[PDB]
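I have placed the structure first, in the form of structure tokens, so that the comments after it can refer back to it.
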Amino acid sequence: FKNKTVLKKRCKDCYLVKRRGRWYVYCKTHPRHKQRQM
Amino acid sequence: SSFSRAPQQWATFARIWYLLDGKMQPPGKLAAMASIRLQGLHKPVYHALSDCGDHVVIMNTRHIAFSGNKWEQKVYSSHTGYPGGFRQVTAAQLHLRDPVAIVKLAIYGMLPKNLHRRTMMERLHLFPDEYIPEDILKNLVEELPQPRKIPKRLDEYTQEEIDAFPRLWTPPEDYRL
Amino acid sequence: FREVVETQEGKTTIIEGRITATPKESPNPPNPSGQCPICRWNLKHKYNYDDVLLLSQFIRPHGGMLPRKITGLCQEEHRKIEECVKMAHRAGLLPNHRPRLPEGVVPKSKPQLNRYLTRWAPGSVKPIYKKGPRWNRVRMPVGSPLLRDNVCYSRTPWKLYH
Amino acid sequence: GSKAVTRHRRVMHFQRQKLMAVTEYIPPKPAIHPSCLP
Amino acid sequence: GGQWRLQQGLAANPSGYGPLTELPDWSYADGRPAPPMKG
Amino acid sequence: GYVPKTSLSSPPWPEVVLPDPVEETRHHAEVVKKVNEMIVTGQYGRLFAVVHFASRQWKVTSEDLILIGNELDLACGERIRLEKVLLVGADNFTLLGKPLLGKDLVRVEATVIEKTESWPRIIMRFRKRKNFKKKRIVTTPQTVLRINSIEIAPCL
Amino acid sequence: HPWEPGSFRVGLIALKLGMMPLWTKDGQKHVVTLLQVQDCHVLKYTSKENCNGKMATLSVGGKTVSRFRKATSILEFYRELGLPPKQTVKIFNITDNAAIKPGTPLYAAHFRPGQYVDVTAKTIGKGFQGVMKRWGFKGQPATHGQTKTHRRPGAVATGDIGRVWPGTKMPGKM
Amino acid sequence: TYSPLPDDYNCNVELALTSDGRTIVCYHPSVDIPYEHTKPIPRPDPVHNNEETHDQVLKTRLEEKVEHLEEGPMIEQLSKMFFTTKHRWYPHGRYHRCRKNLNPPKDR
Amino acid sequence: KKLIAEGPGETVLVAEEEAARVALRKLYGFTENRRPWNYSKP
Amino acid sequence: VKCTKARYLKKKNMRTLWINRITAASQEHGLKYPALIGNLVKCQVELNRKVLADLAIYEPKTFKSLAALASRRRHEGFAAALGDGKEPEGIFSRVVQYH
RNA sequence: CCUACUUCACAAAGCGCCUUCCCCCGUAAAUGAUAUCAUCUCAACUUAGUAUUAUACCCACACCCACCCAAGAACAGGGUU
Ligand SMILES: [Mg+2]
Ligand SMILES: [Mg+2]
Ligand SMILES: [Mg+2]
Ligand SMILES: [Zn+2]
Ligand SMILES: [Zn+2]
């Protein structure tokens with residue numbers, strides 16, 4: 001997980017979800033892409 | 001009337017016991033009426049030095065309702081004198097610890113901040129459930145009406161009312177829901 | 001409506017889709033020129049989260065929401081209805097539209113914290129520990145901003161952050 | 001004080017703030033929403 | 001107070017320009033009118 | 001113009017239907033007749049009045065005293081008619097003016113009982129670090145009026 | 001009543017006799033304290049609902065004292081109970097199934113070897129003590145120039161606060 | 001019909017306007033509390049001091065009520081009885097006691 | 001079954017005594033609402 | 001200096017007390033203070049806060065009649081805002097003209 | 001806390017001895033709509049997930065000159081059968 005103010009999908013397998021009142025970018029193919037809104 | 005003067009004065013300045021119900025009411029809307037009748041601001045004979053306060057008995061305070069997400073956002077804060085003594089709890093934690101603290105704190109906040117506040121709070125009686133002592137019950141007069149309107153969940157709807165309400169849209173017959 | 005029923009009999013699973021009864025619209029809607037059901041029945045800006053009689057005609061048997069292509073609502077009324085039904089679900093209304101689950105309701109959680117007009121999901125909002133200064137206080141959202149255009153009779157606007 | 005041109009938005013006199021609050025743009029409002037009517 | 005008084009054309013302050021202000025306060029009990037008030 | 005019943009379909013307040021004007025006019029006529037016959041028979045006792053006097057409104061009854069804060073150019077013992085009566089109420093009925101009741105209806109009498117001055121009132125002005133200090137003593141004139149009677153006439 | 005898993009029984013009042021050495025079968029040495037039960041009786045029993053509704057209580061008395069130097073109410077209580085007055089009375093929280101009749105004697109064999117107990121007592125009073133002995137505060141050097149400041153507490157707070165916090169450690173009765 | 005205020009408490013109010021229209025007439029007779037809305041006065045007759053031997057033993061027993069309390073418990077008892085706070089019952093100094101008017105003015 | 005007078009009190013007995021006093025005042029026509037004495041000349 | 005300055009506060013505080021007492025009485029009758037004051041003005045009955053509180057304490061029948069009149073005038077105002085008069089514009093309306 | 005040891009000695013101490021008990025939240029996962037797939041859910045909901053509605057202490061209204069005390073600056077407190 002990396003904190004970002006702007007989140008963008010870095011590949012086709014990244015998906016944006018709204019969890020615990022926050023926007024996350026979750027990727028199962030490259031776990032490198034995991035981002036968390038700040 | 002003609003009310004010989006001592007009985008007339010006693011009747012004029014007599015204390016009244018009011019019964020107020022919780023059970024889904026907003027604690028602040030309960031506290032507004034409680035503060036009014038604890039100060040005596042509901043009597044045309046009101047004065048600050050006349051000590052014309054009344055008793056307010058609020059029951060079912062464990063079943064109050066908060067609007068919005070105040071159960072998780074509202075923080076009650078205090079401080080023991082000692083260093084490291086700052087305490088902050090949510091409304092949910094405070095309610096689970098004490099089933100009268102929320103309404104008590106609301107009424108304390110709305111009451112005027114002079115030296116009369118503790119007497120007005122001594123004239124306040126709070127109970128978390130339907131049980132009230134027999135002496136207080138024998139004292140009770142003129143139960144106040146509830147400020148909130150109990151938004152009447154689906155299952156208690158008297159099927160005549162369902163038939164009265166119209167169907168806004170016809171759905172497809174080949175749908176699974 | 002339509003339903004799927006599965007009958008297991010002699011190592012053979014019959015899967016059938018049957019058609020059941022369906023409720024139609026009322027004979028004389030007041031505004032047949034409207035496009036949405038809300039516009040047709042003049043309910044625009046006239047419903048709140050208390051109107052379960054109106055909300056439950058748009059929702060699945062397990063508390064879920066129905067899509068616009070089925071309901072016929074416009075984009076705006078769809079969001080209004082969905083937020084209102086979320087608030088109704090969080091307010092303890094709609095007791096018979098509970099989520100389906102085999103046995104998970106036995107471990108009862110914290111008792112009935114009575115609430116209404118609950119905007120956010122109760123398990124994902126942090127306590128306000130600092131409240132900010134007087135000129136910028138961290139307020140508490142009560143109700144939904146998508147109902148700001150509802151009919152007002154109080155001569156004072158509804159308070160969304162208080 | 002400050003110059004007439006600054007980098008920090010230079011908060012206004014309260015009369016000017018009231019003037020700006022009172023002279024805001026108000027878009028027209030149709031009697032019936034365009035989507036509702038046919 | 002009264003701004004509706006202005007719509008009736010009646011001196012928003014009810015203490016001027018009306019009988020309540022311009023009429024004599026009192027008179028003798030036998031009927032003789034009182035001397036005019038200073039205001 | 002039909003709307004299904006909701007929480008916002010209809011205004012929260014109850015729907016009020018005021019009475020029909022002509023039948024209400026007849027009802028007003030009969031009520032005034034009943035109050036007038038009560039007046040003519042004398043079915044009242046110890047009524048009070050609200051009187052505008054000396055820029056003030058006084059809730060007066062019979063036998064009591066009123067202190068007004070200026071001279072009146074009347075001798076002590078002089079009887080006076082207190083005009084400008086805007087309310088007069090007995091037991092079971094009350095008459096209101098718009099804004100004053102008629103001359104023929106009410107008659108309030110008051111006698112001048114005492115012409116005096118008030119106790120000394122101190123008027124002190126002070127400002128710090130400015131050598132600013134002033135002092136006055138004032139005694140305003142005062143008149144005491146005893147209300148003797150409040151009569152009502154059947155001219156209703 | 002039979003013993004249930006979630007049950008609690010009564011304690012006793014003992015007298016501290018002294019300390020003794022003791023040795024275990026592996027040769028280790030442990031110091032022990034001797035507690036003598038002089039005259040221990042159950043004095044009164046309050047019901048579950050008559051104190052706080054949380055647990056029943058049993059009052060237990062200590063060693064016997066003289067009747068000539070006790071309060072008259074205490075004398076009446078002990079006369080009704082039919083026992084000598086006790087120097088101390090201590091209250092034990094018990095479950096309802098462990099209650100014993102008032103006036104019963106309690107003996108040391110109430111506790112069995114191979115058991116862990118809790119011992120409460122008033123510790124030795126040292127009077128008004130300085131901060132060094134009371135709180136283990138380090139003092140100040142002895143000879144390098146110090147002026148009448150060998151056992152002082154030093155600073156008590158900071159300057160910004162302008163006061164002393166309630167929990168501050170200072171000289172006092174110990 | 002129509003009534004501005006409910007006519008069941010304190011008054012039966014009818015509002016009329018005269019034909020001239022210059023004066024408002026308010027009629028308002030009092031409403032009596034009806035008999036169906038009252039409860040009977042209790043009549044307690046407690047008699048349990050009669051023992052089979054004497055008759056003045058109860059006369060002696062009548063003066064058996066006496067009790068004394070110190071300041072703390074007495075003030076707590078008074079506060080509980082009158083629903084006040086404890087500070088009401090502590091005494092005041094001679095300055096305050098002697099600067100209080102003992103012959104105040106009387107109205108009516 | 002018709003109410004003739006009422007009275008307040010701290011106890012029921014004193015309230016009843018006050019009600020009796022009010023009833024006596026009404027019966028004898030000596031009330032606080034009675035016609036004030038007419039001081040005039042014939 | 002305090003004695004001289006206290007006259008303004010005495011006037012203000014006595015008016016505030018009258019307003020509180022009138023609010024209490026009006027809420028006893030179910031009305032609100034702004035509604036009562038406004039509609040009493042609209043009925044051309046010019047009673048001040050002092051005498052209004054006096055009547056609320058000592059003449060409850062008269063105060064109930066006043067509150068009923070104010071409520072009637074308020075309902076007539078609502079009906080007027082609904083129907084633009086047409087016909088009678090209300091009965092406790094129809095202000096009296098002076099010249 | 002003083003039975004050994006040690007400074008000491010009808011005591012006080014350490015250099016000596018004895019005892020010391022619940023979590024805390026960021027995420028990781030089921031079912032599942034809006035958006036009939038999928039989706040950990042500022043959707044309703046199910047788990048790891050809450051230590052607390054904690055238990056231990058302490059809680060006897062007036063014998064008191066005086067004497068003693070392991071109690072103590074004074075006062076207070078314990079004992080005097
Ligand atoms: Mg050293
Ligand atoms: Mg030196
Ligand atoms: Mg030295
Ligand atoms: Zn990716
Ligand atoms: Zn539409």
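FYI, nothing fancy with the structure tokens labels: chains A, B, ... in order, residues from 1 per chain, ligands from 1 as they appear.
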
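Residues of chain E that DSSP, applied to the backbone, places in alpha helix (DSSP H): residues 4, 5, 6, 7, 19, 20, 21 and 22 of chain E.
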
Take the residues just selected and output them with C-alpha atoms as a tab-separated table (two decimals), in the first residue's frame.
```tsv
chain	number	residue	atom	x	y	z
E	4	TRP	CA	-47.74	45.75	8.31
E	5	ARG	CA	-48.63	49.10	9.90
E	6	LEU	CA	-46.78	50.81	7.05
E	7	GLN	CA	-48.77	48.78	4.50
E	19	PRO	CA	-55.52	58.77	17.96
E	20	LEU	CA	-53.53	56.79	20.55
E	21	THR	CA	-50.97	59.62	20.58
E	22	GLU	CA	-52.87	62.75	19.53
```

Within 6 Å of region 21-37 of chain A, counting only C-alpha atoms (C1' of nucleotides), which residues qualify if same-chain residues fewer than 3 places away don't, as a PyMOL selection string?
-> (chain A and resi 1-5+13-18) or (chain C and resi 124) or (chain K and resi 42)

May I have the selected residues written with N, CA, C and O atoms (P, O5', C5', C4', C3', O3' and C1' of nucleotides), as a PDB file, in the first residue's frame?
```pdb
ATOM      1  N   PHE A   1       0.819  -1.207   0.000  1.00  0.00           N
ATOM      2  CA  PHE A   1       0.000   0.000   0.000  1.00  0.00           C
ATOM      3  C   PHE A   1       0.853   1.258   0.000  1.00  0.00           C
ATOM      4  O   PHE A   1       1.790   1.385   0.784  1.00  0.00           O
ATOM      5  N   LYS A   2       0.516   2.189  -0.888  1.00  0.00           N
ATOM      6  CA  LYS A   2       1.175   3.488  -0.916  1.00  0.00           C
ATOM      7  C   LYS A   2       0.118   4.579  -0.848  1.00  0.00           C
ATOM      8  O   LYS A   2      -0.922   4.481  -1.500  1.00  0.00           O
ATOM      9  N   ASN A   3       0.384   5.611  -0.051  1.00  0.00           N
ATOM     10  CA  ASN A   3      -0.563   6.704   0.135  1.00  0.00           C
ATOM     11  C   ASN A   3      -0.478   7.680  -1.029  1.00  0.00           C
ATOM     12  O   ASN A   3       0.612   8.133  -1.393  1.00  0.00           O
ATOM     13  N   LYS A   4      -1.633   8.004  -1.609  1.00  0.00           N
ATOM     14  CA  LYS A   4      -1.716   8.972  -2.693  1.00  0.00           C
ATOM     15  C   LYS A   4      -2.929   9.867  -2.487  1.00  0.00           C
ATOM     16  O   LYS A   4      -3.918   9.451  -1.878  1.00  0.00           O
ATOM     17  N   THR A   5      -2.841  11.106  -2.976  1.00  0.00           N
ATOM     18  CA  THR A   5      -4.022  11.962  -2.999  1.00  0.00           C
ATOM     19  C   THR A   5      -4.830  11.744  -4.269  1.00  0.00           C
ATOM     20  O   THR A   5      -6.048  11.953  -4.272  1.00  0.00           O
ATOM     21  N   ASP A  13      -5.735  -4.917 -14.361  1.00  0.00           N
ATOM     22  CA  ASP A  13      -6.216  -5.703 -13.233  1.00  0.00           C
ATOM     23  C   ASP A  13      -6.400  -4.881 -11.964  1.00  0.00           C
ATOM     24  O   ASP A  13      -6.924  -5.406 -10.977  1.00  0.00           O
ATOM     25  N   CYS A  14      -5.980  -3.619 -11.958  1.00  0.00           N
ATOM     26  CA  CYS A  14      -6.260  -2.749 -10.825  1.00  0.00           C
ATOM     27  C   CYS A  14      -7.741  -2.398 -10.787  1.00  0.00           C
ATOM     28  O   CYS A  14      -8.358  -2.135 -11.822  1.00  0.00           O
ATOM     29  N   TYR A  15      -8.316  -2.397  -9.588  1.00  0.00           N
ATOM     30  CA  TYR A  15      -9.703  -1.998  -9.410  1.00  0.00           C
ATOM     31  C   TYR A  15      -9.833  -1.071  -8.211  1.00  0.00           C
ATOM     32  O   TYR A  15      -9.172  -1.260  -7.185  1.00  0.00           O
ATOM     33  N   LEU A  16     -10.679  -0.055  -8.365  1.00  0.00           N
ATOM     34  CA  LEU A  16     -10.947   0.934  -7.330  1.00  0.00           C
ATOM     35  C   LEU A  16     -12.123   0.478  -6.479  1.00  0.00           C
ATOM     36  O   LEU A  16     -13.176   0.113  -7.012  1.00  0.00           O
ATOM     37  N   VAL A  17     -11.941   0.499  -5.161  1.00  0.00           N
ATOM     38  CA  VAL A  17     -12.990   0.132  -4.220  1.00  0.00           C
ATOM     39  C   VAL A  17     -13.092   1.198  -3.141  1.00  0.00           C
ATOM     40  O   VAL A  17     -12.121   1.889  -2.825  1.00  0.00           O
ATOM     41  N   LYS A  18     -14.284   1.327  -2.573  1.00  0.00           N
ATOM     42  CA  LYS A  18     -14.541   2.272  -1.495  1.00  0.00           C
ATOM     43  C   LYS A  18     -14.732   1.465  -0.218  1.00  0.00           C
ATOM     44  O   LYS A  18     -15.787   0.857  -0.009  1.00  0.00           O
TER      45      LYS A  18
ATOM     46  N   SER C 124     -17.526   2.597   9.719  1.00  0.00           N
ATOM     47  CA  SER C 124     -16.398   3.156   8.982  1.00  0.00           C
ATOM     48  C   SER C 124     -16.263   4.665   9.151  1.00  0.00           C
ATOM     49  O   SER C 124     -15.793   5.338   8.228  1.00  0.00           O
TER      50      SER C 124
ATOM     51  P     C K  42     -17.321   0.446   4.159  1.00  0.00           P
ATOM     52  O5'   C K  42     -17.689   1.280   2.851  1.00  0.00           O
ATOM     53  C5'   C K  42     -17.379   2.662   2.754  1.00  0.00           C
ATOM     54  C4'   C K  42     -18.422   3.504   3.440  1.00  0.00           C
ATOM     55  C3'   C K  42     -19.481   4.135   2.555  1.00  0.00           C
ATOM     56  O3'   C K  42     -20.514   3.222   2.236  1.00  0.00           O
ATOM     57  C1'   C K  42     -18.712   5.691   4.189  1.00  0.00           C
TER      58        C K  42
END
```

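Excluding residue 5 (chain K) itself and same-chain residues fewer than 6 positions from it, the residues having an atom within 12 Å of it are residues 14, 15, 16 and 17 of chain K, counting only C-alpha atoms (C1' of nucleotides).
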
Could you report the residues within 8 Å of ligand 3, using only C-alpha atoms (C1' of nucleotides) and all ligand atoms, as number ranges by chain?
-> G: 142-143, 146-150

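Note that the spacing between CA of residue 102 (chain F) and CA of residue 16 (chain E) amounts to 20.1 Å.
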
Compile the contact shell of region 5-15 of chain B as a PDB file with C-alpha atoms, in the first residue's frame: residues with an atom at most 10 Å away, counting only C-alpha atoms (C1' of nucleotides), same-chain residues fewer than 2 positions apart removed.
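Ended up saving to around-v3.pdb:
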```pdb
ATOM      1  CA  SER B   1     -61.624  31.479  44.117  1.00  0.00           C
ATOM      2  CA  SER B   2     -60.959  34.065  46.841  1.00  0.00           C
ATOM      3  CA  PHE B   3     -58.332  31.645  47.895  1.00  0.00           C
ATOM      4  CA  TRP B  17     -43.891  16.485  38.388  1.00  0.00           C
ATOM      5  CA  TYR B  18     -43.715  15.812  34.641  1.00  0.00           C
ATOM      6  CA  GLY B  40     -39.522  27.027  35.201  1.00  0.00           C
ATOM      7  CA  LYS B  43     -44.756  29.465  33.868  1.00  0.00           C
ATOM      8  CA  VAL B  45     -44.889  33.624  37.027  1.00  0.00           C
ATOM      9  CA  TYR B  46     -41.264  32.825  36.172  1.00  0.00           C
ATOM     10  CA  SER B  50     -38.471  32.821  42.518  1.00  0.00           C
ATOM     11  CA  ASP B  51     -37.078  29.244  42.477  1.00  0.00           C
ATOM     12  CA  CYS B  52     -40.076  28.127  40.402  1.00  0.00           C
ATOM     13  CA  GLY B  53     -38.601  24.928  39.010  1.00  0.00           C
ATOM     14  CA  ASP B  54     -40.437  21.671  38.399  1.00  0.00           C
ATOM     15  CA  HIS B  55     -39.548  17.980  38.509  1.00  0.00           C
TER      16      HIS B  55
ATOM     17  CA  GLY I   7     -59.664  25.026  47.419  1.00  0.00           C
ATOM     18  CA  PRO I   8     -55.931  24.339  47.431  1.00  0.00           C
ATOM     19  CA  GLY I   9     -53.741  23.161  50.268  1.00  0.00           C
ATOM     20  CA  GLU I  10     -50.574  21.372  51.268  1.00  0.00           C
ATOM     21  CA  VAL I  14     -56.371  21.904  54.772  1.00  0.00           C
ATOM     22  CA  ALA I  15     -57.414  21.830  51.107  1.00  0.00           C
ATOM     23  CA  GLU I  18     -60.029  26.036  52.212  1.00  0.00           C
TER      24      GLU I  18
END
```

Using only C-alpha atoms (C1' of nucleotides), which chain H residues lie at most 12 Å away from chain K, written as a VMD selection string?
-> chain H and resid 68 to 73

Which chains and residue numbers are within 12 Å of ligand 5, counting only C-alpha atoms (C1' of nucleotides) and all ligand atoms, if I want them as a PyMOL selection string?
-> (chain C and resi 31-45+72-78) or (chain D and resi 32-38)

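For the pair CA of residue 116 (chain B) and CA of residue 102 (chain B), the separation is 20.7 Å.
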